[PDB]
Amino acid sequence: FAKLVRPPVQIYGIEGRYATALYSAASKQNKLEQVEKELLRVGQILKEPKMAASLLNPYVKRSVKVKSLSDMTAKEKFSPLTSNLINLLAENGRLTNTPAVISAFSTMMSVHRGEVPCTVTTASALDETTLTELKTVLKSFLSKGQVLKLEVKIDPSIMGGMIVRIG
Amino acid sequence: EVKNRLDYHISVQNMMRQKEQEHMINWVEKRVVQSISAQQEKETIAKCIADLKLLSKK
Amino acid sequence: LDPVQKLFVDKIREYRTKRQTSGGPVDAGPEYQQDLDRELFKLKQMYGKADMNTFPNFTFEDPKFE
Amino acid sequence: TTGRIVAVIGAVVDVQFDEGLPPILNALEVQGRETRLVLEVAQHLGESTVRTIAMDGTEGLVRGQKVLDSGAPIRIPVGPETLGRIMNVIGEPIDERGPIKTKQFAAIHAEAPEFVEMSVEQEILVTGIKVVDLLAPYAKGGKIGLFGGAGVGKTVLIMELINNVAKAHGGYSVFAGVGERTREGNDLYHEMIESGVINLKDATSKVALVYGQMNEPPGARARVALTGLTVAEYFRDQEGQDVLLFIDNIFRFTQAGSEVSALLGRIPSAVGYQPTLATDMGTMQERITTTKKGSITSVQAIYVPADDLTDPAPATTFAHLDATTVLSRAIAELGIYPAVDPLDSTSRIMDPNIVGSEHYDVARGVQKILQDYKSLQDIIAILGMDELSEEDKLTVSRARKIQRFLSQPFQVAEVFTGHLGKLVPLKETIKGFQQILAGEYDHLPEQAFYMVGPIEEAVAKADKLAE
Amino acid sequence: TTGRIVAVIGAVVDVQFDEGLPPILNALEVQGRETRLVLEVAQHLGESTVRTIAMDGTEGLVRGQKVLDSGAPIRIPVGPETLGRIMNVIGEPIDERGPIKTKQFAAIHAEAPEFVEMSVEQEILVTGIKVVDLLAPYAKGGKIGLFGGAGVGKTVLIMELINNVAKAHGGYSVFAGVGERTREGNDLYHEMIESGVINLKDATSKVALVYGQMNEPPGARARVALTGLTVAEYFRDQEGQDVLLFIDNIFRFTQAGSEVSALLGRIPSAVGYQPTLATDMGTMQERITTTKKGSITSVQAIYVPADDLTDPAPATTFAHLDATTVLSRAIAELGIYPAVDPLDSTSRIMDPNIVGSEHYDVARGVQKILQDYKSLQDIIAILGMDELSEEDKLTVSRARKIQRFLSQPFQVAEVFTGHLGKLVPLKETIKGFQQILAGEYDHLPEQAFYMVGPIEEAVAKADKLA
Amino acid sequence: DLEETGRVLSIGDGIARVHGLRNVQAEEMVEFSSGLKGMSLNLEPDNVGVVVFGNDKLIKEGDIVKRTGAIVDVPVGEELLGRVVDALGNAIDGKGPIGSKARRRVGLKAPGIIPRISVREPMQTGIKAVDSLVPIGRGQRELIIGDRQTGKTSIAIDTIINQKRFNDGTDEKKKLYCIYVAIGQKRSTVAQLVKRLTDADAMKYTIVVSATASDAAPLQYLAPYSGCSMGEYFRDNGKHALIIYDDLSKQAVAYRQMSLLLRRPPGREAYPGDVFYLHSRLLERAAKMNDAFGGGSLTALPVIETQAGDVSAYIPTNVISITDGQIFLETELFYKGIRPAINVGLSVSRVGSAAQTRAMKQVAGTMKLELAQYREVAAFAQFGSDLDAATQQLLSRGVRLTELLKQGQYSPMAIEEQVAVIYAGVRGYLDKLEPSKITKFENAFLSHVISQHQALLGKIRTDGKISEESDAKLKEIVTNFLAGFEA
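Structure determination for the deposited model, as stated in its record, used cryo-EM, and the stated resolution is 6.7 Å.

Listed below in structure tokens is the structure:
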């Protein structure tokens, strides 16, 4: 068996069944953030195009899935007991699905002990707290100028479409 | 035979008041709503209700 | 007729801004006038047709006897 | 253990339990659940998610809602107080008459007795209904199926039997009204009360009522089956008791199963079913019988949709049966009441030995004549009072009388019919038809045998029919 | 906004516009598709991908190719300049008299007018057919749906109907060729040219053609229905008119929908259908009717798939029908024209009072007579005659005349009939059969009622013989 | 607020995978970006399968999904009586805001045993054939089966119209709230229909829940449930409500469809299986309740309009197994002109007697039989031609009765009147008449009894039963009056 852990993010199923494993596996031993900032650097040294198709080549033939990161980033110490799960991902073909594991992992990994919202007619109200609407009043203390009518707008809509909606 | 008459005139004015009301509603709203937005204070009112969220959300 | 006072200030005065004019009630609106004329005649067609500002008085009759 | 409802997709409630995952069938108690929403673990879905079944209806379950596992299957009040009481599935009343406080609780699983506990050869339970005993010489403590729709007073019939017998009866009864109209149960309620077969001065009126109606969601309906089951086992085994187990209607249980199969991850089989239909009944059916611990006479009203039977389900049922009633609508339609499908209402336990030859043979002659009669019937449905020979006419006519002799009125639905019914002890019957076989008098009209008591009464009726 | 062709699986065009996702129904124009390739958004699939439908060809669609949102749902010119024009689905000619240009365009998906301006009741239109008028008294502005088998003289009939009606018409007419044969439209074209009521001194002809043929991809066929509706609603409501809306054949629409269903990833319901089949019905059908704003007399050719009516599609249809017109292939097979199954064809306004109950009653005796006579047919089928009953023997014969009497050759389709067809006003009709009810002919040759209009002439037809 | 708000996870086809709202109550009516409601029917862990109530072309993705946080209710009242609304209670009549602005959960469970009571009230329809051959009780759920407009609806109409007088009578035992849940009955259908009820203004105690063909499927699906709470309400408030669900057939169609689009199954005949349950739970909510519940009732007249008499047809089998009969209406007869067109062999009320006046019972009992027997010599030997002379008379009797059980197109009645003509035939005064003229006899006969024997009728009406007065008079009347009718 294992033990379920989730520090905020948190998807459940389809990579989210997966993330919640290394979530208890990295959070046990607490190599979690050491592997976040690992996985973050790897999020782009992977995603590239010197390779569009040489660190994420899946196939032209299988050989990549034999090992290409079981061997090219186990060519990196990066990922040194979480590079086993990338080797699984490399064999198991989900190697293009990593962006949502790492997004789950990092919007996981910050916000991993944090809270994001966005109410009505704000939109960058998107942060990492432990308490709420004391903090988003602190965003109205950026200046209450600039907010709750733009970015995303009480103009047509909240307020403006509601008097149209009564008819 | 008489009444249908009368009733039309009423019904016209009733329908006419609604077709004023719709044309009014669209035009009135389409005139006097465009200019409003010069209130940064409609967002001080966003601010105001938002302090009455940030406060009055307990 | 209804509420919120800053928004409704924009609208409720605009209820009666329309009514606060009556030769073209701040707009009768030419389109309103045109479609009105359409529907008012078309309404008339959809109606019975014996002028609506006239009294239909009586008629008389004589039934079959042998 | 604890779970959160992680997904509710209908009454398959997927609860993901932290770790804390108990066996299948395990009753979970949903917490924060307005009522006792027992979930029966259906699957350990994997990863400590179970697919469970709600037996309640969902209505406002918060996503995540907390479940604290009741950790074993549904244990329910049982014991004698369920007699003279209406219990719901969860062993609680729905008589709405206080609690049905037991001592004994039971997980409403129980199982099939062993081979050694089997009694190998059974003995007739008589009904005093000519047609019934004759064609189905019912067995004490067996599995009786009543295939039957509604209509005929389906329920009426069963009830009527219940009335004649379950009253008369020495032991107890358990009634599980599964997928059954609360309203009829209501009328019935008042009736049982009325009759004192629910005495309200006896919680051992003679009968425990278990109701798991149609307005129940499947989870309730399915499991009401177990409920009734568990209870009767109490009286047989525990209480020794010759229990009668009335089910109306096992089909609807099963159906509840078939209906569910899909959500249940089981393929809609043939006919849509649960492919597990067979065990669903089977293992279950095996839980009810005559052992050497007594008898559970298992009386199953069986909807067979549109009464089709070639549909597997009844096909299976027979296997479990020992007495089958396929009631023939034709017969009903002929106004003939008993409206049985006579040559498809049997109890296998027919013999010149066992049932006496007198009977038996009479039956063999009868079954035969009917078979034959039918043949000539085939001529008549479109070809009437002569396309044909007249010795043959005798037999035909004889059948027309015989038919009328098959008709036994109802001693309860006299209300509609005006017909008092009769209950006709066997000898007078066998002999009766045997007289018809002897072709008694026949200048007569053929209704002379219609809806009377024993054959004499047909005679009685006969003189009277000559004004 | 622009999309990328992300997947093309035929004319189901999976588009990812990442440039936001405009409505479900937002009409798209494909870039790199000079030939105007409309896709209509169907789903916001997620992933800024929509499933859209090309209605058209999927030539040279590189996966990635830019598709430019048309910024509204599908809009079409509507304007009088459409009549006498064969407009395709896309608001464009196929009159090929240059573009069918109009003042106003209309988004073609629309609301089903509200109940209250809908006139709640209607009046039987006369078709000039005994059989029709008498037996299924269809209503002006109603939706009459012509169930009928494949080419079962239906097509002939409708044309004849056009012939009988459209001429006489006070308002105008629309033909929406839904899955029509290019040929029939041709035929029609010429007929219309011919008729000259598609007068070309009129792009304001008495009839507007909107065609959405078979050769189109379904999306087009699917959509021609909406298109046509949109125009016509405009003429009815907007141009006041009593529109006759000839639709041949909505089935083909339906089919077009159904056809996509699969590869709308949907479960295509029974037989492949649509689960939404019904809503589909509401959504067009409820749009077409008779308001106080005129009448859309809605003539729906309905292919009755495999003449299977129990067939849910038709099963539904009846509900929608003010007039259900069931053509009897069975009868048709008897060579008979009027070939109807009138014991299946109805008008709700077939109900006494409404239509003059005598008129009706005269029918009721017939309807009966034939029906009883129908009943006999199993018996007869083996048994023929000689142990039955006499009165029936009479009815049989009478029915046999009646049967024949419904028959009427084709006036237009003398090319088809050879015959000149006939046309019967009410009286001869009501009387006609009624006369048969009086059995005034029961020594007059029975078949002689065949392929006649007036019973008089039929009487005559018996006579020349004897 | 936008925190128990969600973004539309995916949408198309009105099937909203809904992002967020992760604390959602099961079957919460949700609140849209487009205003709209939806039902969070499906709680998947990673989305909420939200059935979108109404049109979704409007909709686009990531759109904000707001809780309404409410499990559906519908406005409830008696101010639905005289209102055509859609199920949310939206005047489509354009009658403006309903007085029913109390709301009530549309799901409210079906009665208890003790709470229920058996029926013993009659009720009626104004249709001889019906009240006689299917005598009507109160608190029902029993199947009306027949095909479409024929004035399929006529049948219902004459009933509703018939309750008018009863609503002009008193009690919820004469007065009756009629609930017409119209499921998928086009605007026209309705347009017309409503137009009729209004004309009859039998509409006055009557809700017309109008779900026209256009309407979105869940809505239509819902419409009955909506009605259902309201009718239980009436029931529990002593009121005897009558719902005609016309029809669940269509409802299923929607319901499955909805399911399918949710990928939620297509069980037998493509419909997932708990549509029975759907209705069972729905219909059990129609009952005749005990007095604690005001004694009220919700009489359920479900309707299924059959495709080709297809009844072993799943939903029909289902329905049959709930219903306590089915009233089969027979087409051939229709074509024959026999409207009502019944086959009463295939119309059954197990119920029978709880549902009727004595008056009728006395004349009808025998009549049923007389026809039965009549039919039988048409049948054993499947020839309308005879098998015995006796019966050559009896057949006449049957035939006479045949003329009688008909019902005028667009015509109801009341029981004493009904009995009036029925007695005449049952006790025979018109086999000494030709069968077609029997009805004719009635026109006069009826206008006579109405005229004269409203007295007498006063008695019959009083007794709910034919009395010695009435009878004595009747024997005489019928003979004399009949004699007058003829000669």
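Remarks on the overall build of chain C
Looking only at helices and strands, one finds 2 helices and 0 strands in chain C. Taken along its principal axes, the extent of the C-alpha atoms in chain C is 80 × 25 × 20 Å.

Overview of the overall build of chain B
The secondary structure content of chain B amounts to 2 helices and 0 strands. Over its C-alpha trace chain B gives a radius of gyration of 22 Å, far above what one expects of a compact globule, namely 10 Å for 58 residues. Dimensions of chain B, computed from the C-alpha atoms along their principal axes, are close to 65 × 30 × 10 Å.

A closer look at the arrangement of the chains
By number of contacts, the leading pair among the 5 pairs of chains in contact is chains D and F. No part of chain B reaches chain D; the closest C-alpha pair between them is 21 Å apart. You won't find any contact between chain A and chain E; their C-alpha atoms come no closer than 13 Å.

Points about the interface of chain F and chain E
Each partner contributes to the interface: chain F provides 14 residues, whereas chain E provides 13 residues. Going through the elements one at a time, strand 1 (5-12), helix 3 (187-199) and helix 8 (331-336) of chain F are the ones with two or more residues in the side of chain F that touches chain E. When its residues are assigned to classes, the side of chain F that touches chain E shows 5 nonpolar, 6 polar and 3 charged.

Here we look at the environment of D:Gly219
All names here are of chain D. Take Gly 219: it is sitting in helix 4 (residues 218-238). Once the C-alpha coordinates of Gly 219 and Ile 53 are considered, the two residues, 166 residues apart in sequence, prove to be 6.1 Å apart. With near-sequence residues (within four places) excluded, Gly 219 lies in contact with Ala 54 and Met 55.

Some points on the interface of chain D and chain F
On the side of chain F, 17 residues touch chain D, which itself brings 16 residues to the contact. Those elements that provide at least two residues to the side of chain D that touches chain F are strand 1 (2-9) and helix 9 (356-383) of chain D. Across the side of chain D that touches chain F, the residue classes break down as 10 nonpolar, 4 polar and 2 charged.

Here's the deal with helix 4 (residues 218-238) of chain E
What sets the pattern is the α-helix's 3.6 residues per turn: residues three or four places apart point alike. Residues and elements named next belong to chain E. With 21 residues, helix 4 should reach 30 Å at 1.5 Å per residue; the first-to-last C-alpha distance of 29 Å fits that figure. Remark: the principal bend of helix 4, roughly 30°, maps to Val 224. Where helix 4 ends, the next residue or the one after it, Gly 240, has phi of about 80°, a positive value.

Quick word on the pairing of strand 14 (residues 206-211) of chain F
All names here are of chain F. Sheet topology places strand 8 (residues 83-86) next to strand 14; 3 bridges connect them, and they run parallel. Across the sheet, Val 84 pairs through a bridge with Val 208, a residue of strand 14. Between the parallel pair strand 13 (residues 177-183) and strand 14, the chain is carried across by helix 3, and the sense of this crossover is right-handed.

As for helix 2 (residues 154-168) of chain D
Here helix 2 of chain D spans 21 Å end to end across 15 residues, near enough to the 21 Å set by a 1.5 Å rise per residue. Along helix 2 of chain D, the sharpest kink reaches roughly 30°, centred on D:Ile162.

Notes on unusual backbone geometry
The amide bond that connects D:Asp248 to the next residue, D:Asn249, takes the cis arrangement and shows omega of 5°. Within the secondary structure, D:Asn249 sits in the loop between strand 13 (242-248) and helix 5 (250-261). Following F:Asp246, the chain continues to F:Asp247 via a peptide bond in cis, the omega torsion being 10°. The topology assignment puts F:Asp247 in the loop between strand 15 (240-246) and helix 5 (248-261).

Considering the pairing of strand 5 (residues 49-54) of chain D
Residue and element names in this part refer to chain D. Bridge count between strand 2 (residues 12-17) and strand 5: 5 bridges; the pairing is antiparallel. Considered in strand 5, the bridge of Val 15 is made with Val 50. Where strand 4 (residues 37-46) folds back onto strand 5 in an antiparallel hairpin, the turn is made up of 2 residues, including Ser 48, whose phi is positive at roughly 35°.

Calculation rules
- Residues numbered from 1 in each chain as written, not as in the entry; some residues may be left out.
- Chains lettered and ligands numbered in written order.
- Part of a larger assembly, values for the part shown.
- Heavy atoms only, no water.
- Residues with missing side-chain atoms left out of burial classes, pairs and counts.
- Helix = DSSP H or I, 4+ residues; strand = E, 2+ residues; numbered from the N terminus.
- Rg over C-alpha atoms; globule rule 2.2 N^0.38 Å.
- Contact = heavy atoms within 4.5 Å.
- Nonpolar A, V, L, I, M, F, W, Y, C, P; charged D, E, K, R; others polar.
- Expected span 1.5 Å × (residues − 1).
- Bend = angle between axes of the 7 residues up to and from the residue.
- Pairing = 2+ DSSP bridges.
- Right-handed = clockwise from strand over helix to strand, strands pointing away.

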